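Q: this one's experimental. Sequence and coordinates below.
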Amino acid sequence: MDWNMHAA
Amino acid sequence: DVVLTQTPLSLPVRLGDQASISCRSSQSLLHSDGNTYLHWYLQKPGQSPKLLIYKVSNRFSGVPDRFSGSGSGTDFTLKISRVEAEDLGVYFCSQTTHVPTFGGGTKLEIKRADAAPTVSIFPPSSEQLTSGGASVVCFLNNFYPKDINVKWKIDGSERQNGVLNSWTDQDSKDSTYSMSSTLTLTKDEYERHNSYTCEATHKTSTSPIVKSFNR
Amino acid sequence: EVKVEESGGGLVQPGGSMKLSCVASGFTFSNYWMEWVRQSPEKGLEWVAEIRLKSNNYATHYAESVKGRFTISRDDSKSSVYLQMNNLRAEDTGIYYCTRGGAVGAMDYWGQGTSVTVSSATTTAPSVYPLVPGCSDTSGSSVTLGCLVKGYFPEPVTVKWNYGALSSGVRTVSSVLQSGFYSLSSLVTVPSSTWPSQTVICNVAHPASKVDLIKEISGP
């Protein structure tokens, strides 16, 4: 998955 | 988990010179979306760590262009140009491409001109005696480099045991260090002697700076 | 002006519990993920837990090392995030930082942290002794005074002078652990013409015992 808001 | 290995552990640097800190990851940090989430932070003594660079090379809010980040594969570099006193602290990298992890940090030390310590000696306070101990304190203030030796003499004879030496973090203003040498004796041991002397030997001189008092 | 402040740190026996709190300000709390990261002298910085947005049904994620023991929660109405720690272990000892998951893709704002110590030892508030210019001749930057802090556990203790109003010339050495207790000294240098005329006091705080020891150094 993604681990930061930018990638999210 | 991704391992971020930083080097050097300690980095001495002259004012105005450049400092380069490296961060090597155990795996690619390139996210499928094309971004590389490798960041750099600075943590000053006792203060909250602050974001300097995000996504390899972007400067965060209020960060001057003196701070630059770059990367190549699993290798990343933080460069601090025109280093100033206030730049001291621990710089660390972190990545958020995968489960968040951090590098071990690099302590940037400011290399300034040598400075001799100012010495002060403090007899134990009567307030400490009921604890069973008595601490004599020798304070060496505002010196550089950090290494320094303190020799204690009780009634003329050297005494090495019962001594604790501890330093302050480098000062962000003058880049000097300070340290205290605390000789703790039992209450009666302290009362069985008169002269307490501490001798500080620093690189700045072959002759020790001496301070003492009589009970 | 983003602000983040944690609290709730202290000493806990192995297998005990404790809840850490964090309050933020200077931004719309509900629009950001919040994180807890801890720092120990043996593992360095380590991500502990994460909590996302309401639209994510407050999805949470935990480091494998705290899975099933720690619980992260948030209260947007009070701009706070929490970390409930249960079945604590010695390895959980460290400074816990609350951080905002930034829109730039990195934890962008951090608090100063709150210390947590898991140990079988007990809390002991510090004893504080005055360091008074020991009757001598003026030959060392006006006058240097101080406070010797000994016999305390766990760490840390913070020391301020005149409630923080006196910050220039303050020198506080790192603590050292010996005989099961920590100790350190904090000293300050001031002009000799201003002391005793102007009161000089050291404020010694020890979070674990919830104390603040105020002591005024006089020149007997």
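A: On my side now, so go ahead. Residues are numbered from 1 along each chain as shown, chains lettered A, B, ... in the order given.

Q: thought residue C:114 was touching residue C:156, still the case?
A: No. When contacts are counted by CB atoms under 8 Å, residue C:156 is not listed as touching residue C:114 (10.2 Å). The C-beta positions use only the backbone N, C-alpha and C, and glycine is treated the same way.

Q: okay, and the common contacts of the two?
A: When contacts are counted by CB atoms under 8 Å, 6 or more residues apart in numbering or on different chains, the set common to residue C:156 and residue C:114 consists of residue C:207.

Q: which residue does chain A have closest to chain B?
A: Of chain A, the residue with the smallest distance to chain B, taken as CB to the nearest CB, is residue A:4 at 4.0 Å.

Q: how about that residue, phi and psi?
A: When read as degrees, to the nearest 10, the backbone of residue A:4 gives phi -160, psi 150.

Q: quick one: contacts for it?
A: Residues in contact with residue A:4, defined by CB under 8 Å, 6+ apart, are B:37, B:96, C:33, C:101, C:102, C:105, C:106.

Q: mind running it again at 7 Å?
A: Listed by CB atoms under 7 Å, 6 or more residues apart in numbering or on different chains, the contact set of residue A:4 reads B:37, B:96, C:101, C:105, C:106.

Q: and the residues you listed, which two are the farthest apart?
A: The most widely separated members of these, counting by CB to CB, are B:37 and C:101 (11.7 Å).

Q: ok, the residue lying closest to residue B:124 once chain neighbours are set aside to residue C:149 distance?
A: Leaving aside its sequence neighbours, residue B:124 sits nearest to residue B:134 (CB to CB, 6 or more residues apart in numbering or on different chains; 3.8 Å). In this structure, residue B:134 and residue C:149 are 16 Å apart, going by CB to CB, to the nearest Å.

Q: chain B against chain A: which residues are in contact?
A: Where chain B comes near chain A, counting by CB under 7 Å from any CB of the partner chain, the residues are B:31, B:33, B:35, B:37, B:96, B:98, B:99, B:100.

Q: could I have the buried ones of those residues as PyMOL selection syntax?
A: Isolation of the buried members of those (16 or more other CB atoms under 10 Å in any protein chain shown) is achieved in PyMOL through the command below:
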select buried, chain B and resi 31+35+37+96+98+100
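
Q: near chain C, which of the residues of chain B next to chain A show up?
A: Judged by CB under 7 Å from any CB, the overlap between these and the neighbourhood of chain C comprises B:35, B:37, B:96, B:99, B:100.

Q: how about the last one: what's its closest non-neighbour residue?
A: If you skip the residues right next to it in sequence, residue B:100 has residue C:47 as its closest partner in space, 3.8 Å away by CB to CB, 6+ apart.

Q: count of neighbours near the closest residue to chain A within chain C?
A: Across chain C, no residue is closer to chain A than residue C:105, which sits at 3.2 Å (CB to the nearest CB). Residues within reach of residue C:105, counting by other CB atoms under 10 Å in any protein chain shown, total 25.

Q: I'd like to know how far the closest residue to it other than its chain neighbours sits from residue B:54.
A: Distances taken as CB to CB, 6+ apart place residue A:6 nearest to residue C:105, at 3.2 Å, with adjacent residues excluded. As defined by CB to CB, residue A:6 lies at a distance of 9 Å from residue B:54.

Q: one more: residue B:159?
A: From residue B:159 to residue B:54 the distance is 54 Å (CB to CB).

Q: looking at those two, which is more packed in?
A: The neighbour comparison of residue B:159 against residue B:54 (other CB under 10 Å) goes to residue B:54, with 27 against 18.

Q: how far away from the center of its chain is the helix or strand that contains residue C:185?
A: Under DSSP states H and E, the secondary-structure element containing residue C:185 is strand C:181-190. Distance of strand C:181-190 from its chain centroid, counting by CA atoms, centre = their mean, to the nearest Å, is 17 Å.

Q: buried set for that strand?
A: Neighbour-count burial for strand C:181-190 flags C:181, C:182, C:183, C:184, C:185, C:186, C:187, C:188, C:189, C:190 (criterion: 16+ other CB under 10 Å).

Q: alright, calling it a day.
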